[PDB]
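Protein chains in written order, with the authors' numbering: chain D, 71 to 140; chain U, 478 to 749; chain V, 487 to 527; chain b, 2 to 190; chain u, 120 to 270; chain Z, 4 to 289; chain c, 23 to 312; chain a, 283 to 376; chain C, 52 to 102.
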Amino acid sequence: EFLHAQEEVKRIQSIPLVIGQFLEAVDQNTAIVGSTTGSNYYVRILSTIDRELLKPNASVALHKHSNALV
Amino acid sequence: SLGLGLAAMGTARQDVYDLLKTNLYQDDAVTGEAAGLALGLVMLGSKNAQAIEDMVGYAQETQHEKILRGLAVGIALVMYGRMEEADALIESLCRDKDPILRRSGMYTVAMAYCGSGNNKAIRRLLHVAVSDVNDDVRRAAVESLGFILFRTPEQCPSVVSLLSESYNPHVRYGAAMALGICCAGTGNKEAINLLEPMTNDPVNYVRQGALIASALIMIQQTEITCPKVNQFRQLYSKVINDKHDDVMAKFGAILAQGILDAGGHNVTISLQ
Amino acid sequence: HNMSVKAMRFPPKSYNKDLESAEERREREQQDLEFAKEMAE
Amino acid sequence: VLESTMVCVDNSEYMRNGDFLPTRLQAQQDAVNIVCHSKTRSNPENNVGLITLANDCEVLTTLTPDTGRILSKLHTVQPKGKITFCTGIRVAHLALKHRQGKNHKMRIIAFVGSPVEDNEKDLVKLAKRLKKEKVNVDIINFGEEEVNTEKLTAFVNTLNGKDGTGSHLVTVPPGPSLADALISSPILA
Amino acid sequence: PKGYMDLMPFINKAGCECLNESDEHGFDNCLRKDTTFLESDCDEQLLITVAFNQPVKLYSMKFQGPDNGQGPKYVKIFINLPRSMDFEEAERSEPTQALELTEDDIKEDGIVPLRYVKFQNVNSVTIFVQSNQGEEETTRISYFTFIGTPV
Amino acid sequence: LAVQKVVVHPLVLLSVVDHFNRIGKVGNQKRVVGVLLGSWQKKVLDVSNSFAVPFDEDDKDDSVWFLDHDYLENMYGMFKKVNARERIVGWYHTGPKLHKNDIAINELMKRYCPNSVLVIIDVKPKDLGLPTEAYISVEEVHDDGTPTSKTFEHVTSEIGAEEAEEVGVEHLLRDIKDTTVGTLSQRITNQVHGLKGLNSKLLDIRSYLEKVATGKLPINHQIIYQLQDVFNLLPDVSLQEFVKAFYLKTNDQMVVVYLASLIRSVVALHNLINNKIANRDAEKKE
Amino acid sequence: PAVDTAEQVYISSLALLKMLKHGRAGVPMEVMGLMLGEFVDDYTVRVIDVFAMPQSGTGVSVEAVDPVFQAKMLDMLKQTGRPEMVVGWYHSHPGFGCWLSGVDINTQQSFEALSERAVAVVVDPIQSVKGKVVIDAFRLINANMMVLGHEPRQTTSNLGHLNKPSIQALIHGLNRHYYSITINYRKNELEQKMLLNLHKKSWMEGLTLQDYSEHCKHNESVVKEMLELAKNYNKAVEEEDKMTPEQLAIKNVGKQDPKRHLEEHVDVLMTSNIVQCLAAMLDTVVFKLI
Amino acid sequence: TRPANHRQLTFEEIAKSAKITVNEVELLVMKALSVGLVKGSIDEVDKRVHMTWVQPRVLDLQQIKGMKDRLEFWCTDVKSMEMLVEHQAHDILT
Amino acid sequence: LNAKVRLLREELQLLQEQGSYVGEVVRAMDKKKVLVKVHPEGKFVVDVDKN
Ligand SMILES: [Zn+2]
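Take a look at the structure:
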């Protein structure tokens, strides 16, 4: 069921996704992202995201509704 | 059918069985559910092959699920308190591809092993609860643990405590119901301590089962006997009077009040 | 590796408490109810 | 009547003969154009399909409530090969079992214009099988009736049994046109 | 047999029509045992109908055929059919039971089970032998009867 | 040949299974025949959809058989209207093995698709092999002087799924498919399946040779030619050169396994260090 | 005779794949089709098979049902053993959840006039992932009955309230103009074993040995990768000793973890070499000249 | 005729069996190798010819029976390791 | 392991919860009021969470 839960959380990554810019990691599961809409949001990060790729000034795909880093 | 079976429990009268079997064979969803359930009630504990062959044979031929739900309870009741004499039927039901027939095997395990504490039967129920394709069978697998351990009420809040926090809400619901069935009337503080967080479960029906189970555990119980009765008594009122609470969580709370003050505070639930 | 892994001890912490709190999980339901009761109307 | 018919047209080498004016291939094309048209007005829901009776049977057009497509297929039918009447009826019977509407009645139209080179036992057993499925095969014994008048006699007699005129064995002697004798035959009645 | 019994006395023997019958061996042979057999003539297919009083319950049949391959292989069973049944309405319809016989069931020391739930109140039974254990154009049946009880 | 590989999608398998079940319900059928629809990509076929067509064959004679080709055209226009990129790429039949009249049916199928591919989809759940066996009609020009005939040449088959088709399959296989087994265990199970598959293939050849020896079938002289090549290709693993090379290569991989295991153990020790520090720190504050 | 909340819609394995394939291919058009099956009883709706209606033209919305396409497809499906009536219609919602719009409500009313138990199934091929398909079955709520103060359906069971309604659906008229029918899937042993052949590798691949030149180069390259990772791994051990527990994870964001990559390289290399060794050993005796 | 283990024909055997001069053996192998009748190589220093492949030929029933007997040993070896890997890796087998 | 699975399923619902704005505090006010500047949307007077 852990594999099923990991597989089924990927629906949060379904297109379309608004493109943001990773700014700062507040903690493990939350971060500050700058959406291309022009607004800075304090959102959550999907746990299955490689945090080694969260370099500064890295383009990140955000949920079109909740702006979460997916 | 429900009235006739309720009035012919264990009587094993052929005329009642023949009439009820005719109603079951009509292949009506509404009638078959009551006819199938009453079929087991009338032949309660008889363990005769003809009732098993007719009901199990019908369950593998009918295409209406409501009939299966009544038959699943009916098949279990025929082999009630039969100890190992239901082993042959149990493996046949638990190996069935029909989810409802598998649910009947869990119920058959409960009735063949009522209060016997048979760890072999408990071994099968726990295996199905954690490893089964259908959530209903998992919920019934945990539920059947109450009927096997009610003679040793302290044993349930140890086996089912971890299942009370499982990912599957259906196993969590059955975990509530297992405590309610096994610890009915005893006012088990260890069991009540398990149900107390379950009344705040995110899933609605898990809350309903915990509320109903809490009523079963501490029916008639007073403040001195059970310190948490007053807390839960206000908990039932809060859920009912909460306009933003889910309706089926209120269904358990309203039922819980009925069981808690059942019989005008003069009755208790005791399987023994 | 097998010996080291078997020697790892998890303290008996109160599991399933790092999940959503009952009070805070209720907060979304009330707020999301107004979301459906207002945006749709 | 609400029945589905299949025309077992023959394109054997003997269809080049001029015994029927202008050609047996051309004469049978007029025969189909009239018998197929007759089945259309008997019931607008009637189904007509084409099956060739060459060396190897070939279903040119399955059952359809259309007439024009039958003749266009018959236009391209050229004389070739030898008749295979044993397999022609079965392949036509097989299409009858898979018709558009199962309420239709069995009916097969055979254009026997070449000798049937089989034993009487095989022809008789074919009739019994068609009688089992209530299949009526209507055959015109044109062409070589001087030698087919006995093999086909056992075919219809066994199919019709003792009662009921389910199938007919109308036999047109050579003349101007076999179609001119079809409108007076019980096939079109 | 365990409280049930063979039911040829109930079978009226007057409303029984065995289509695709053969003049050589008729339907009487397979209903009386005493050796002999029933066989078909036109085709391997063999349609059988059996009539009796309305109250009759079927548990099992014993369609024992010969061993050469003329014994039935795939059989279709139909119950309570209004109007007549041709070979197509026995081939293009949904049977109550369509048990595919094995060689063990054909053996004279063999009894085949039926889904007793679907055979409770039977007015008449239609039996459609579709194929035999081979490619024999005639299908033979040594013996046959229904084991059960009246309703 | 014209086809290098045929990819049969799970939708086709379910459609073929359902097609065999529904017609098989009304009457016992030796097989059911339908039409395969799909696209073409380079030289690999992409069979992705199928529809049923009326079909019947007399068991006694292979020559007598009927396929409703007018139905075949009518149903194609349906599927072309919905999906224009799916064209007729062959036919299918659920018969466990090939039939003698299959080459005749392919000719009727060949006029709609010149390079028609027959895929035999076995409804019975075989334990080892794939349910699909793709064939193509080719001209086998014999060297014995016998006239050229139309024979089916086998084309490798593979079951692949579209992204959305795969999504539904995993939903239907969610409970029974056990993904907890690691990659290393999966490959070893593949090796066990490879041993079983090779063994079954070898028994099929042995069964054929047994019947040939007793005269049940005559000598093909193409299988025997092929069989001599098979046994000639059997390597001699007892050569000194191969044994030394095998030993040299085996030791090369062992040290890499040794290095990886050496790194694994200390990394495991690091994890145990962190666990004991976390446990000691947690109990100190409590 | 109020409809029961415990009503279930059973979708076959074949039906689910067809709507998923048709819906995905028609993204983002709300591609529609008809669901064939049988109303078993007042509590069950079986969807044996579905077929896709063609798109008349451009436009991301549900078009009108084409009667000639429907009738002559239904007639021609009856010939091949599919005499199943239309029990409703399905259409795709490519990514924006499963609900009914204004056009969908009008389309469903056309089916409700003919069959009162018609079911509107909405499938989300975009949001559907492996092991979890976003599907929902809807039937319209009559405005006359609900306005006067009557629940759309009776609740005699717990079955219909096991799935919590999504906020997106509740926004778009769920429980106001239409209700959701719980969807259960009918799967048999036969179809389930058949689907297990997906991605089933050929028996030749199991005994096939990887090229030893590339295998050694892969052995070479990955071991060289651990040479740098081990050097970085040593630095990571000292750094984390003198480093505060608030940066146990924040400082790991945007910087590679040598320990994580070392495990992946070890895990990759261990299965690569063990499988190659075992396959080589098995082939030594299986393919032997003696 | 010779088994695959002993397919190293010396120049004398080819010369004697073909009634040709030992110096003409080398040209004979070229024709067989060039046309494609046999596959292999020539070791002139050791005067040996290393044939590795021959054109398949028509075989009698007895030779086919011997071929089938070879499959009996081949099938036994494959089955033996199939049980060996299954038994040894039973716990990790999926 | 159960907590990991339970947290994973709850994360999918959590990730659908709308994100939070990022603002700059101008000054604090009485009654737990704070004057902030949402990045594109100017100034606001906002509450303060009880935590
Ligand atoms: Zn829509």
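Don't be surprised by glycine CBs; every beta carbon is placed ideally from N, CA and C.
Endpoints, beta strand (DSSP E) assigned at residue i
i: u/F171; result: From DSSP, u/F171 is part of no beta strand (DSSP E); its letter is neither H nor E.
i: D/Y112; result: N110 to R114
i: b/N48; result: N48 to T53
i: b/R108; result: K106 to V113
i: b/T172; result: Careful: b/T172 lies outside any beta strand (DSSP E) and carries neither H nor E.
i: u/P191; result: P191 to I198
Proximal residues of chain D, C-beta to C-beta of residue i below 8 Å
i: c/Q278; result: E122
i: c/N274; result: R121 and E122
DSSP three-state assignment for residue i, whether helix, strand or coil
i: u/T215; result: coil
i: u/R259; result: strand
i: Z/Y138; result: strand
i: c/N166; result: helix
i: V/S507; result: coil
Residue i, enclosing alpha helix (DSSP H) - first and last residue
i: Z/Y261; result: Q243 to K288
i: c/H44; result: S35 to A47
i: b/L124; result: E121 to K133
Closer than 8 Å at the beta carbon, the chain Z residues around residue i
i: V/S490; result: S268, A271, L272, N274 and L275
i: u/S212; result: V29
i: u/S250; result: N31
i: u/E227; result: What u/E227 touches in chain Z: nothing, since even the nearest Cβ is about 24 Å away.
heavy atom of ligand 1 below 7 Å from residue i C-beta
i: c/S202; result: no
i: c/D126; result: yes
i: c/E52; result: yes
i: c/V84; result: yes
i: c/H44; result: no
i: c/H199; result: no
i: c/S150; result: no
i: c/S132; result: no
i: c/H113; result: yes
i: D/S117; result: no
i: c/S188; result: no
i: c/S123; result: yes
Within chain c, the residues that residue i reaches when beta carbons sit closer than 7 Å
i: D/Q98; result: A271
Under 9 Å by beta carbon: chain a residues contacting residue i
i: Z/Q189; result: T376
Chain u residues whose Cβ lies nearer than 7 Å to that of residue i
i: Z/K180; result: Correct list: empty, because the minimum Cβ distance to chain u is about 32 Å.
Contacts that residue i makes with chain V (C-beta to C-beta distance below 9 Å)
i: Z/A285; result: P497 and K499
Proximal residues of chain a, C-beta to C-beta of residue i below 7 Å
i: c/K310; result: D359
Which full runs of the alpha helix (DSSP H) of 4+ residues lie inside the stretch 66-129 of chain Z, going along the chain?
Secondary structure within the stretch 66-129 of chain Z: the alpha helix (DSSP H) runs of 4 or more consecutive residues, fully enclosed, are 72-85 and 105-113 (chain order).
Which full runs of the alpha helix (DSSP H) of 4+ residues lie inside the stretch 80-153 of chain c, going along the chain?
Complete alpha helix (DSSP H) runs here, min 4: 89-99 and 124-136.
Unbroken beta strand (DSSP E) runs of length 3 or more, entirely within the stretch 84-130 of chain D: which are they?
Scanning the stretch 84-130 of chain D for uninterrupted beta strand (DSSP E) segments of 3 residues or longer gives 87-94, 100-105 and 110-114, listed from N- to C-terminal end.
Where are the beta strand (DSSP E) runs, 3 residues long or more, that stay fully inside the stretch 132-188 of chain u, in chain order?
Runs found: 165-170 and 176-180.
Whole runs of the alpha helix (DSSP H) within the stretch 7-33 of chain b, excluding any shorter than 4 residues:
When DSSP assignments are scanned along the stretch 7-33 of chain b, no uninterrupted stretch of alpha helix (DSSP H) that is 4 or more residues long falls wholly within it.
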